[PDB]
Structures are given as structure tokens and as C-alpha cells.
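Enquirer: return atomic coordinates for the entry below.
(one chain, ligands or ions: 1)
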Amino acid sequence: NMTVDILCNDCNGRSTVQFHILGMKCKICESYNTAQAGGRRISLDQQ
Ligand SMILES: [Zn+2]
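Expert: Numbers count the residues shown, from 1 in each chain. Sharing the structure here:
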């Protein structure tokens with residue numbers, strides 16, 4: 001019910017899985033080394 005979209009650090013592919021605190025398995029490479037791909041876009045001017 002709680003699905004979060006996560007992005008991978010090693011195979012760089014995203015998987016929409018449930019939010020699992022004990023480990024969200026990337027189905028692409030069997031790795032738990034993942035970030036969240038639901039990163040919110042904020043508008044800020046930076047030079
Ligand atoms: Zn992966």
C-alpha cells in the first residue's frame with residue numbers, strides 16, 4: 001500500500017517497491033544499495 005520508488009546506486013535503475021525498512025531489494029541486481037527516486041524538485045537559483 002505504501003509504495004516508494006527507489007533508484008539504484010550500482011545498476012542505476014529504478015524499482016517501485018513497498019517501503020521496507022529492513023531492506024528494499026532491487027530486482028535488477030539483488031542489491032540493497034539504493035537511494036530514493038521520489039526526490040522532490042524544488043526551485044532554487046544557484047550559480
Ligand atoms: Zn540495482
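Enquirer: tell me the secondary structure for the residue nearest to the spatial centre of the chain?
Expert: In the chain, the centroid-proximal residue (CA atoms, centre = their mean) is residue 6; its distance is 1.6 Å. Recorded secondary structure, residue 6: strand (DSSP: H, G, I helix; E, B strand; the rest coil).
Enquirer: distance of it from residue 42?
Expert: Distance, residue 6 to residue 42, using CB to CB, to the nearest Å: 20 Å. Every C-beta, even on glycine, is put in place using the N, C-alpha and C of the backbone.
Enquirer: shouldn't the residue nearest to the centre of the chain be in contact with residue 35?
Expert: Yes. Counting by CB atoms under 8 Å, residue 35 is a contact partner of residue 6 at 6.7 Å.
Enquirer: where does residue 38 land in three-state SS?
Expert: What three-state DSSP gives for residue 38 is coil.
Enquirer: hmm, it is touching residue 5, no?
Expert: Yes. Assessed by CB under 8 Å, residue 38 is found in contact with residue 5 at 4.9 Å.
Enquirer: which residues of this protein lie near the ion?
Expert: Residues of the chain lying near the ion by CB under 5 Å from the ion: 8, 11, 26, 28-29, 31.
Enquirer: OK, contacts around residue 16?
Expert: The contact partners of residue 16, taken as CB atoms under 8 Å, 6 or more residues apart in numbering, are 3-6.
Enquirer: distance of the nearest residue to residue 33 once chain neighbours are set aside relative to residue 37?
Expert: Nearest non-adjacent residue to residue 33, counting by CB to CB, 6 or more residues apart in numbering: residue 9, 4.7 Å away. Computed as CB to CB, the residue 9 to residue 37 distance reads 11 Å.
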